[PDB]
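Worksheet: one structure, shown below.
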Amino acid sequence: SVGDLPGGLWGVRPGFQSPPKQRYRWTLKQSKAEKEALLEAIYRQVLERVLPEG
Amino acid sequence: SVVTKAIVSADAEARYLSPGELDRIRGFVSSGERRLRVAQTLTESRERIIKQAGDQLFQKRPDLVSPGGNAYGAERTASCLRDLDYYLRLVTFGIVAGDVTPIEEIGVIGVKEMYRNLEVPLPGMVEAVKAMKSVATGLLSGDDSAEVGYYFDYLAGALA
Amino acid sequence: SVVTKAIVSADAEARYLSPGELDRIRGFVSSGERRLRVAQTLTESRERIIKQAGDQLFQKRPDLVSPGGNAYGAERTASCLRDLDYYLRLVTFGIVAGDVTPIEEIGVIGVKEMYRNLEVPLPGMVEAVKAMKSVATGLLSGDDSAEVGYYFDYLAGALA
Amino acid sequence: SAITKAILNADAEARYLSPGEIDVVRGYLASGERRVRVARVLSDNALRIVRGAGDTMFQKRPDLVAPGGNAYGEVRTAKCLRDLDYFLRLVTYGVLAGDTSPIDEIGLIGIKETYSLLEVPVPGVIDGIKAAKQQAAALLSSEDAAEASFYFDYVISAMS
Amino acid sequence: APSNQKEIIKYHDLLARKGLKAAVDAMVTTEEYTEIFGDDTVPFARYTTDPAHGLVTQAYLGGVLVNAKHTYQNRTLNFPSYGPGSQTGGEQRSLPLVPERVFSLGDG
Amino acid sequence: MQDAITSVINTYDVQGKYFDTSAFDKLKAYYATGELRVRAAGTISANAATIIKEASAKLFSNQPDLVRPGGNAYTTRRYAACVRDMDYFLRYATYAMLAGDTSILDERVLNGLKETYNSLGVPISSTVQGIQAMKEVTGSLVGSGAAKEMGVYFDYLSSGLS
Amino acid sequence: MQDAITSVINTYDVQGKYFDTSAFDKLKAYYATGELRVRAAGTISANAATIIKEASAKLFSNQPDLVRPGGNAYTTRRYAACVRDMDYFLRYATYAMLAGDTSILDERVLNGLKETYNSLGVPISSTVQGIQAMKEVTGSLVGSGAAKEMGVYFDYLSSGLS
Amino acid sequence: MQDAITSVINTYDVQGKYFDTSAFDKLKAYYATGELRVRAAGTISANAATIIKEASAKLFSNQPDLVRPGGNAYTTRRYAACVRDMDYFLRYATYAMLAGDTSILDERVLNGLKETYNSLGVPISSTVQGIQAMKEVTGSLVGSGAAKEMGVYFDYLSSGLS
Amino acid sequence: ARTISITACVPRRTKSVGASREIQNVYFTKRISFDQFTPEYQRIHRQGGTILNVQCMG
Amino acid sequence: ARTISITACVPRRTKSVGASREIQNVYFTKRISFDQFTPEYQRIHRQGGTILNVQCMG
Amino acid sequence: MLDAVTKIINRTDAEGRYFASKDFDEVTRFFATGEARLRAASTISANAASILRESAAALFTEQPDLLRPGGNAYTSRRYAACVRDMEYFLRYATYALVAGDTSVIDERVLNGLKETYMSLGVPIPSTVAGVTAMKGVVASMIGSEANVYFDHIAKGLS
Amino acid sequence: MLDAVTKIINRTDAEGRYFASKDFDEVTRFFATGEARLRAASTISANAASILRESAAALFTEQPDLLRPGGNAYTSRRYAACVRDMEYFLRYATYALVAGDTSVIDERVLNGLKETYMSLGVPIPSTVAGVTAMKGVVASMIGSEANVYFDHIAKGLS
Ligand SMILES: CCC1=C(C)/C(=C/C2=NC(=C\c3[nH]c(/C=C4\NC(=O)[C@H](C)[C@H]4CC)c(C)c3CCC(=O)O)/C(CCC(=O)O)=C2C)NC1=O
Ligand SMILES: CCC1=C(C)/C(=C/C2=NC(=C\c3[nH]c(/C=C4\NC(=O)[C@H](C)[C@H]4CC)c(C)c3CCC(=O)O)/C(CCC(=O)O)=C2C)NC1=O
Ligand SMILES: CCC1=C(C)/C(=C/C2=NC(=C\c3[nH]c(/C=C4\NC(=O)[C@H](C)[C@H]4CC)c(C)c3CCC(=O)O)/C(CCC(=O)O)=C2C)NC1=O
Ligand SMILES: CCC1=C(C)/C(=C/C2=NC(=C\c3[nH]c(/C=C4\NC(=O)[C@H](C)[C@H]4CC)c(C)c3CCC(=O)O)/C(CCC(=O)O)=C2C)NC1=O
Ligand SMILES: CCC1=C(C)/C(=C/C2=NC(=C\c3[nH]c(/C=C4\NC(=O)[C@H](C)[C@H]4CC)c(C)c3CCC(=O)O)/C(CCC(=O)O)=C2C)NC1=O
Ligand SMILES: CCC1=C(C)/C(=C/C2=NC(=C\c3[nH]c(/C=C4\NC(=O)[C@H](C)[C@H]4CC)c(C)c3CCC(=O)O)/C(CCC(=O)O)=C2C)NC1=O
Ligand SMILES: CCC1=C(C)/C(=C/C2=NC(=C\c3[nH]c(/C=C4\NC(=O)[C@H](C)[C@H]4CC)c(C)c3CCC(=O)O)/C(CCC(=O)O)=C2C)NC1=O
Ligand SMILES: CCC1=C(C)/C(=C/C2=NC(=C\c3[nH]c(/C=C4\NC(=O)[C@H](C)[C@H]4CC)c(C)c3CCC(=O)O)/C(CCC(=O)O)=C2C)NC1=O
Ligand SMILES: CCC1=C(C)/C(=C/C2=NC(=C\c3[nH]c(/C=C4\NC(=O)[C@H](C)[C@H]4CC)c(C)c3CCC(=O)O)/C(CCC(=O)O)=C2C)NC1=O
Ligand SMILES: CCC1=C(C)/C(=C/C2=NC(=C\c3[nH]c(/C=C4\NC(=O)[C@H](C)[C@H]4CC)c(C)c3CCC(=O)O)/C(CCC(=O)O)=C2C)NC1=O
Ligand SMILES: CCC1=C(C)/C(=C/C2=NC(=C\c3[nH]c(/C=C4\NC(=O)[C@H](C)[C@H]4CC)c(C)c3CCC(=O)O)/C(CCC(=O)O)=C2C)NC1=O
């Protein structure tokens, strides 16, 4: 009833990617930590994981 | 729950919990006995809460239990009282959890569609939640009354 | 078809068909018998249509069947006549369907790549289609000739 | 044996021996001398193979000979070593025969029901057979060890 | 996930004829991307049925299957194509006229 | 998708033939029922919410454990998802009736639905019962002929799930 | 993910019951351990890089062929991938310890991980050895009671991978 | 992907050694054939459309049922897709010939192709016949040594499919 | 309950000769239930077979 | 190549209101590559939006 | 069913040609791998019970809901059928490994299996997860020699 | 097949729980109505020939066209098939009445019956008229205990 991922038997999401219900939205004015975090969200969802440094 | 919310916010950033979220969890776990006593108090007196709340709701909105109303008849009034009991149980769940996540995920998502399908008036739901809030906060001390009233306000806003 | 387009339109908006879409279907259904009569007139005269259309094509475009032409020789000319027969059958399909969707799904999507591979000149396809349009619309009545000329025009614009 | 298998296959469809059957028989006849060597080595060393296998088996799981165990007592332990000797003799029979039919007919068909009735733990018997396989392979050449190991593993798989 | 063969065909033709950049350009310029993600939301895995925007049941099943998968979990094509046949093509195999072997007391 | 007319067209296009007499018979048969289908679709559209309400009441009355704690329809989100599924089934069955062909049910409803319900723990037999309840209510609503027609696509959904 | 609180809520909600004395005992036990869990989480986050350094040093000391040519951790890219895997294991183990529940390990780490490691050629026994090294170092850092708590989730990961 | 040079590099990296005389012979052998490969690739690139026209014409002459109704190559869309796939095979064979290694054919072509074609109903024997037709047509353009080289990759594709 | 053992010789004249073993079909003794006695009796007579012996053990 | 700065106002008149912040995607100024310009021009037109300013940076 | 030699024979016969040099080379390559394939098949046969045990353990560790009440593996009979199916997969993959061809799997295993599972409600993605787990165990014992055959079964179910 | 008690057992087993008070009340209600249901079933069984006679007469008086040439009940064979189908309906209604559940009608009767009738050209509306006539004839004898099972057959057929 509480705290179940969508998908039933396949209600799983590899920890390399974002938690299945998280959203990330760009706002015009936001802190630089939020800008960083949204950048890792983009890399995390397009490339499926965090790139190595560089 | 508070713990799950902090862990999920930290997981959404792929980092360990910051000092602020750990402060949040310490505050949650230090208040555990108080909210456990409050939840036990609400559970012990569930019958009185449901009975007084039903009485107050049917006094303030008599068309629900008059002919043609959604809760008209003994069986439908029993169904009305039953899901007032549902929402009291969810309120105790949300109190022990420390947030409205159990309430939200068991009783709030798709609640307007469910009560649309069931022909249940939604302002009637809001008025029932307010009546329960008055009765349930009557049984508690002021500090406990305010915290429980917040959860009941979350229900009232969710239904409205 | 008309019904398929109306249903796709309603489904893309996740709703029941509006009165406009039902009017589209209703007007299509009322015209069904006339559409079948037109398509049957075209079908019974398929061989005469293809023969006369090929004649006008090869008179208007002798370079197609001249040496060095794409349709030079009996086999290549027969394949040209076969393609004209294909598109006539597709026109009858479109007429019974009330729209050019069968024509697009069988003979237009990827057509320019196919004739590029075959070195079939697309302008010559355009005058072949215009010839077959003249011949076919000659056989039909005045009201029907324009309606089928629309299908021939769509196909000619798709080849060009 | 290996010859009877080919003859049965030929007789099933009422024909003479096929070239493949002839080749199988020829290979068995060619391998006969190695088979006799392996069988003779296994036979002349039977007692110490059985002794070592029994000792290692009892060491692995002592509950077999513990009070309440199935091998508890002198007579039941003697029957245990008798079973190990039986299985080794059947292994030598299979080595000589070139197939598993002697092992099946004499000792494998019905052993499952027998041990289930007598409450013999199949895993313990499998452990004893593995120990016998190790003791036999210890005193054989690599090719001979593999040749015996096929039949030991066949017996083990028949247990399970 | 792609839900049908037409969805596969569009982007496969874009990859076959014009390359990766053209296919990405086409896919982020679709009206579904604009409606669901818009201009400033990072795309996210979608789990609620929404047929008007492409989450039909097959899209949902394929999406929950692929989103359950680690990166480089395998090399199999989870949607090789939708079509009449099966991936192994066993429907096209020849069946034996008789079973390989028949059981008779007379046969031994 | 594929309606009845495009189904006839496809059958004749794979065989590479112009329309025969039997093809024109099938096309006339479809056109003969067009007005009936349109009337039925308009009626079902007018009363879609009522149909869903009555059929969901019937389903849950016959199987009360679905909505009590521990049932697959026990939570507001799960009740809403169930009635939403019933709404989908009715809308797509109306589409299929209008098209005169079950192709749309295959491509957009039935393909992957059984494995989806299996993976989510949705009781398939109960879903079939809900579709049957919708069939009865819808048929009583739209009358004898439109019921005889809507029942085909309801039974198609039922067989696909079963 | 579920924590201890939500685990109790899930059982009582599927049973449709109010909390009884047993539920209150369980929730009370979680609140009692909460301070210890928070302190262990803070200690692990403060020392996460040191834990990964010491544990990977131990793992590549016991299995030095992993970092030599032909090992699965020989290249800068694959070495970085390995230490990154260890970092994720440590962070999710800390999450699960905070929640007092292994659900997050099932939902975010373990499912399909073994098949991925098999498909990539990652030696799964060596990964389990690296997790055991992280357990030993972490338990040295966080103290005996927190060591018992945290080792449960470390062992849950090790068993999921074995 | 992997070319011949990076293939030598990968072997020697995995075994952790500098290049020796044998590696240098393999690299000299690749460099010596380089001009022939570049010439063949330029010739095929200049003639690719002609090669595809000739090969598709020979294939559809040998199997006329493909492009007549009821055939897998019967529609403008399916004919276009057929010759598109032939463009794939020619282009990827040219890549593998220029690289001197078949790894790109494994990664970019053959993986999952049988499953795609068996799911679609695309006849694989006719696809192999078309690949053979392209092999002869390409050999007709590039000359003895280049033909022998390109035939290796055409045969690799044929074996991977058939 | 009662059963019958019937011994019959069924020649194979109507059929062609076959390399397959057929002696088991030609001469047999089989155990049948009483309800099956008439059908197999008539079946043996249909095939040209001769009823050699009939026994009822009790 | 070249980048074009488009300042556009794209209302939401075709759909219902929502509580989420929406202002940034309604009125915006972005510059896009020349090859993306026609699709964005037409997309703004299709959603009922208005093109307020077009500039060529350079 | 077919093996590698019979597959090559049918290929040469479809062309009505004799064996060319490349065909002989392919048959020689098949003969050369025979000893390794036989030792791998014997290794699988010797450890079949353990392979099945660890494969089932891995499957139900990944998806414990299958064993819980209401799961498709919940009953003695249904769990029995699940482990029996995995045992069939193991034995027939060993057969295909010996023959060198996947035709035995098509003839004896995928002959209505997907239809049977869709009809009975057997969760196919979970079955594929189990097949892949068994592939991992077999690869841990004998190496990659059998992977393709296991993949075949998975592709037959998807 | 399923009766009411097996239905309750299956429900609780799928939830993986023991019987509770509500399930015991339900099964006690079943045991309470069982004796009346056996009386109805035995009365139907004893009078089955009379029931078929009356119901066939009622059907063919309502619809005389069926018996005339060209009708679907016009022959000795088609009439025998018709009365046989009514016999089936009554027998399986008695089974369902004893079981207290209609799943036996869904499995043994209704599944495939619509396709059988469409294939043969049996007029389904007239068959439903026959089922209704049987329902009236049976209700005139035992009361209203079997009404729901005939209504189930009628809804399934229509
Ligand atoms: C149902 C949709 C469909 C179409 C239309 C179609 C056309 C088509 N036309 C072909 C050949 C041809 N088609 C033409 C037709 C051209 N001759 C003149 O130039 C004219 C401008 C023009 C016709 C009016 C010719 C000349 C050939 C022979 C070309 C060659 O072999 O070099 C071929 C190659 C195989 C064959 O000859 O059967 C196809 C596939 N295929 C399809 O699946
Ligand atoms: C050559 C063919 C052949 C075989 C294979 C064979 C096995 C066999 N062993 C038996 C008894 C036994 N067998 C065993 C040995 C077993 N129990 C121990 O725990 C061990 C785990 C295990 C052996 C490794 C024992 C202890 C008994 C005596 C049990 C009893 O008295 O009930 C019996 C029952 C009759 C008897 O007492 O002799 C049979 C038939 N007999 C045969 O004629
Ligand atoms: C347009 C065609 C279409 C259909 C039909 C469809 C069905 C469908 N229903 C779903 C969930 C669901 N479906 C149901 C319905 C069940 N509840 C009771 O058991 C009943 C027996 C039964 C309905 C009568 C429920 C309760 C859920 C929620 C399951 C969960 O989240 O745990 C889901 C998973 C995704 C989501 O929740 O949005 C799908 C895909 N999706 C589609 O795109
Ligand atoms: C735990 C989360 C949850 C909730 C809350 C819930 C509500 C709920 N209330 C229902 C019936 C009902 N609910 C009510 C209540 C209304 N009557 C008056 O209008 C009042 C304004 C109002 C109550 C204060 C009534 C009268 C019925 C019976 C009406 C009917 O039969 O449709 C039903 C139909 C199923 C049944 O009768 O058991 C549901 C699912 N379901 C859930 O899974
Ligand atoms: C082929 C790509 C590759 C590289 C380059 C690589 C480097 C590498 N160097 C290591 C150790 C080391 N590397 C160094 C080198 C540093 N010491 C000084 O500060 C210098 C600035 C600098 C070298 C010029 C040292 C001192 C160690 C020992 C660290 C220790 O004992 O813990 C290790 C740990 C395993 C081992 O010692 O065998 C790796 C993996 N690994 C790779 O797979
Ligand atoms: C949070 C849940 C989660 C995990 C754990 C996870 C693991 C993971 N590890 C991967 C690669 C890898 N993982 C390792 C680590 C191993 N090799 C060493 O020998 C060690 C024994 C061992 C680590 C202790 C290596 C070396 C690779 C690269 C393999 C390759 O590219 O060939 C990959 C493939 C994609 C990539 O390169 O980033 C994944 C998905 N993904 C997840 O979403
Ligand atoms: C595999 C073991 C086997 C044996 C041995 C065997 C013998 C055998 N011989 C038979 C008939 C016969 N056998 C013979 C042959 C004999 N009469 C001639 O005079 C010869 C001297 C002599 C043979 C050398 C003849 C003539 C008949 C036909 C007699 C009849 O049925 O009227 C029949 C009756 C079935 C039939 O007519 O085909 C059997 C069963 N059947 C078996 O399955
Ligand atoms: C949280 C920050 C935020 C703000 C402030 C905001 C304002 C805002 N209001 C809008 C529409 C609107 N806003 C109004 C406001 C009313 N007009 C008059 O009648 C009243 C005097 C007045 C309110 C008291 C109206 C009428 C529209 C619709 C205009 C139209 O679509 O033609 C729009 C266009 C997009 C849409 O229709 O939703 C924005 C961006 N949006 C934001 O994201
Ligand atoms: C030798 C060739 C052969 C194959 C391949 C075969 C598979 C097979 N499995 C079946 C049922 C089954 N198969 C499974 C297995 C599933 N359970 C799930 O939890 C798992 C994910 C998954 C296994 C990994 C189950 C549980 C059943 C019983 C389903 C039921 O009866 O409801 C059935 C239906 C008949 C029966 O129950 O025996 C077949 C035919 N049988 C054969 O004779
Ligand atoms: C074309 C082939 C065909 C045949 C053969 C046939 C016979 C037939 N006779 C019937 C009734 C009947 N049959 C009879 C005849 C009997 N009355 C006296 O006893 C006489 C001894 C005897 C006639 C010589 C009577 C009186 C009825 C109606 C009364 C009843 O229901 O038994 C019925 C039942 C349906 C009905 O009421 O009409 C059939 C099917 N029907 C056919 O479609
Ligand atoms: C136990 C469940 C069961 C049912 C229900 C069942 C029905 C059934 N009815 C059949 C034929 C038939 N059924 C009928 C009955 C119709 N005639 C009309 O006038 C009447 C309105 C109506 C009956 C009330 C007729 C006439 C046939 C013969 C059809 C033909 O051969 O043309 C047949 C085909 C076999 C045959 O020729 O006898 C079946 C299987 N079978 C079953 O195993």
Side-chain angles (χ1 to χ4, degrees), chain C residues 1-19 21-47 49-50 82 85-86 88-99 101-107, chain F residues 1-21 23-49 51 84 87-88 90-101 103-105 107-109:
Chain C
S1 69
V2 170
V3 191
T4 300
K5 295 318 154 273
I7 291 159
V8 164
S9 178
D11 197 40
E13 274 155 278
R15 54 166 184 75
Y16 287 87
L17 276 75
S18 55
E21 310 194 357
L22 297 172
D23 271 319
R24 278 147 76 188
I25 301 190
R26 185 179 296 113
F28 169 59
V29 166
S30 47
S31 68
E33 294 294 328
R34 193 209 56 220
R35 287 171 186 289
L36 268 68
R37 296 291 185 269
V38 167
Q40 177 144 39
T41 307
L42 285 190
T43 294
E44 285 136 13
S45 314
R46 82 195 84 168
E47 69 276 16
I49 280 161
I50 299 309
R82 197 271 324 279
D85 198 80
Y86 279 166
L88 182 76
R89 189 170 56 89
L90 270 64
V91 159
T92 62
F93 289 174
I95 288 158
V96 311
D99 71 334
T101 291
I103 312 185
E104 182 174 285
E105 275 164 352
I106 298 159
Chain F
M1 65 179 288
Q2 184 197 247
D3 70 40
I5 294 172
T6 54
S7 170
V8 162
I9 288 166
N10 291 5
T11 55
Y12 272 68
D13 181 64
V14 176
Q15 293 179 356
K17 293 187 286 185
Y18 287 73
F19 281 135
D20 209 15
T21 300
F24 288 127
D25 302 325
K26 268 175 271 274
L27 299 161
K28 292 181 181 180
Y30 179 82
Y31 287 134
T33 64
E35 63 275 12
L36 180 159
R37 296 170 185 284
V38 165
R39 185 179 296 113
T43 289
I44 291 159
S45 175
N47 314 267
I51 293 156
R84 174 209 68 192
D87 204 89
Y88 286 149
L90 181 66
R91 188 156 54 76
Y92 277 93
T94 298
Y95 290 161
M97 183 278 288
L98 269 168
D101 189 358
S103 184
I104 190 182
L105 300 182
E107 54 175 355
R108 293 178 64 87
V109 181

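All chains are named by letter (A, B, ...) in the order of the sequence lines, taking the proteins before the strands, and each is independently numbered beginning at 1.
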- [ ] Measure the acute angle between the ring planes of C:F93 and F:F19, then classify it against the limits of 30° and 60° as parallel, tilted or perpendicular.
- [x] tilted
Open item on the list: Quick check on F:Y88 against chain C: is it the side chain, the backbone, both or neither that has a heavy atom closer than 4.5 Å?
Closed with: neither
Task: Heavy-atom contact with chain F under 4.5 Å, split by part of C:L22 - done: both
TODO: Heavy-atom distances under 4.5 Å only: say whether F:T94 touches chain C with side chain, backbone, both or neither.
DONE: side chain
- [ ] Against chain C, label F:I104 side chain, backbone, both or neither, depending on which of its atoms sit under 4.5 Å from a heavy atom there.
- [x] side chain
Task: Heavy-atom pairs under 4.5 Å with chain C, option from F:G16, F:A23, F:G100 with the top count - done: F:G16
Open item on the list: Quick check on the interface: out of F:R108, F:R37, F:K28, who has the most heavy-atom pairs with chain C under 4.5 Å?
Closed with: F:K28
Open item on the list: At a heavy-atom distance under 4.5 Å, which candidate from F:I44, F:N10, F:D13, F:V8 has the highest pair count against chain C?
Closed with: F:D13
Task: Among C:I49, C:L90, C:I50, the one residue meeting side-chain contact (heavy atoms from CB on, under 4.5 Å) with C:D85 - done: C:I50
Task: Portion of C:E105 that has a non-hydrogen atom of chain F nearer than 4.5 angstrom - done: neither
Open item on the list: For C:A14, give me all partners under side-chain contact (heavy atoms from CB on, under 4.5 Å), at least two apart in sequence or on another chain.
Closed with: E:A52, F:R91
Task: Side chain, backbone, both or neither of C:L88 within contact of chain F (heavy atoms, under 4.5 Å) - done: both
TODO: Determine which pairs satisfy salt bridge (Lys or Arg N to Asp or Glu O under 4.0 Å) with at least one residue from residues 26-46 of chain C, sequence neighbours left out, and list them in order.
DONE: C:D23-C:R26, C:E33-C:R37, C:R34-C:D144, C:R34-C:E147, C:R35-C:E147
- [ ] Could you look at F:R39 and say if it's the side chain, the backbone, both or neither that has a heavy atom under 4.5 Å from chain C?
- [x] neither
Task: C:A6 portion near chain F, given a 4.5 angstrom heavy-atom threshold - done: neither
